[PDB]
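Worksheet: the structure to be examined is printed underneath.
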Protein chains: 2
Amino acid sequence: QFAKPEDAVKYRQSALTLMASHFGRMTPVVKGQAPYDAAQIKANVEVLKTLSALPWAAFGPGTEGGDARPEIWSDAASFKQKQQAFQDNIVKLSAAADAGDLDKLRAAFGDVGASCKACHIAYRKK
Amino acid sequence: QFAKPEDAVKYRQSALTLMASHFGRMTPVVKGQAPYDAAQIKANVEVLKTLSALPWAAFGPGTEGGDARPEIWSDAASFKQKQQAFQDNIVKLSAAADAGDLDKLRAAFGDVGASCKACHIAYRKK
Ligand code: HEC
Ligand code: HEC
């Protein structure tokens, strides 16, 4: 869907921005600094689930650019492993949110965050 | 969810970027220049539906900025009318996509596009 590689970069940056907001806005709730409304979080995590499936298709072949390291393309199977693993951690977070289980939510949220941090150290430029 | 008004601007620009890609990538299909796969479009419009609900909450009070005209805030009810109307046009597009009806899709797509163009002329700076 991208006319030029630059369009893919702008799409993925925007998808990751949104994904990041929908994940990060739950930090005060996980820490107990904001109230836990199970329905609010269930709906939020549904949005996060949709958004979390979007960036990866905008790292197609030849879409080098942005703050992306070149290792995303040469190590196709390893990058793919990390996105699919991240998405599976999102499934766990969805299950916790759907259950309205705060403890399960907190644990899953930490696992998701670790997946974010790992793909970052590996596949994002300084 | 925004620490500063700037964060709201970056969120909404990113949401609108994504919304725009998910709408615009269907143009070749509506025009017959690309094949119509009803399942592909149904899934795409489901993504568009989720994305189309996101920008508006990032035009909260005092989030003036970006390429947004100031009339968004002073005419709160009118801007709100236009987003809710846009979202209702998205419901129509979803119904057409779910039905796998190409003619219905094309008509709905034009109505959605007109809603985009109108909010633009009114609420977006040159
Ligand atoms: C690899 C499989 C990743 C996972 C999982 C996550 N992110 Fe990431 N992110 C990744 C790359 C390769 C990039 C650079 C994209 C580019 O082309 O520039 C990014 C970028 C971000 C950004 C910045 C987006 C921008 O506006 O430019 C943010 C804020 C971000 N990533 C956050 C983030 C979070 C919070 C994640 C888990 C919820 C996460 N990313 C996962 C690669 C990967
Ligand atoms: C009013 C209710 C709008 C509707 C409906 C749509 N858009 Fe719009 N869009 C609107 C505003 C006020 C802005 C400016 C936001 C800012 O603070 O800068 C925009 C912006 C865009 C952009 C640019 C995003 C960016 O990266 O900065 C695009 C590409 C865009 N809008 C496209 C678009 C399309 C295709 C729409 C229908 C599917 C659409 N917008 C609806 C206001 C409104």
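Keep in mind that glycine also has a Cβ here, set from the backbone N, Cα and C atoms.
Now, the feature entries from Swiss-Prot:
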type    : residues                                                : note
MOD_RES : A:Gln1                                                  : pyrrolidone carboxylic acid
BINDING : A:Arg12, A:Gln13, A:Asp67, A:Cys116, A:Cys119, A:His120 : heme c binding site
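Here the features listed in Swiss-Prot are placed on the structure.
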{"residue": "A:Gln1", "record": "pyrrolidone carboxylic acid", "DSSP class": "coil"}
{"residue": "A:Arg12", "record": "heme c binding site", "DSSP class": "helix"}
{"residue": "A:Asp67", "record": "heme c binding site", "DSSP class": "coil"}
{"residue": "A:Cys116", "record": "heme c binding site", "DSSP class": "helix"}
Can you list the residues of the same chain, besides A:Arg12, A:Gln13, A:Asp67, A:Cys116, A:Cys119, A:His120, whose Cβ falls within 8 Å of the heme c site's Cβ centroid? A:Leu16, A:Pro55, A:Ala68, A:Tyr123, A:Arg124
Among the binding-site residues listed here (A:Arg12, A:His120), identify the one with the smallest other-Cβ count within 10 Å. A:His120
Residues among the recorded positions A:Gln1, A:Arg12, A:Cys119 that border ligand 1 - Cβ under 6 angstroms, in sequence order: A:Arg12, A:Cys119
Out of the recorded positions A:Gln1, A:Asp67, A:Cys116, ones whose Cβ falls under 8 Å of a chain B Cβ are A:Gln1
Taking just the CA atoms, what is the gap between A:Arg12 (heme c binding site) and the residue listed as 'pyrrolidone carboxylic acid' in Å? 12
How many other Cβ atoms are found within 10 Å of the Cβ atom of A:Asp67 (heme c binding site), counting all protein chains shown? 12
Please report the distance from the Cα of A:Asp67 (heme c binding site) to the Cα of the residue listed as 'pyrrolidone carboxylic acid', rounded to the nearest angstrom. 21
Around A:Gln1 (pyrrolidone carboxylic acid), how many other CB atoms lie within 10 A of its CB? 16
Output, ordered by sequence, the same-chain residues six or more apart from A:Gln13 (heme c binding site) with a CB under 8 Å from its CB, or 'none'. A:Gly66, A:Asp67
Among all protein chains shown, how many Cβ atoms are found within 10 Å of the Cβ of A:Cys116 (heme c binding site), not counting that one? 16
Within 10 A of the CB of A:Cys119 (heme c binding site), the number of other CB atoms across every chain shown is 17
Between A:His120 (heme c binding site) and A:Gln1 (pyrrolidone carboxylic acid), what is the CA-CA distance rounded to a whole number of Å? 25
Pop the Cα-Cα gap between A:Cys119 (heme c binding site) and A:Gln1 (pyrrolidone carboxylic acid) into the table, whole Å please. 24
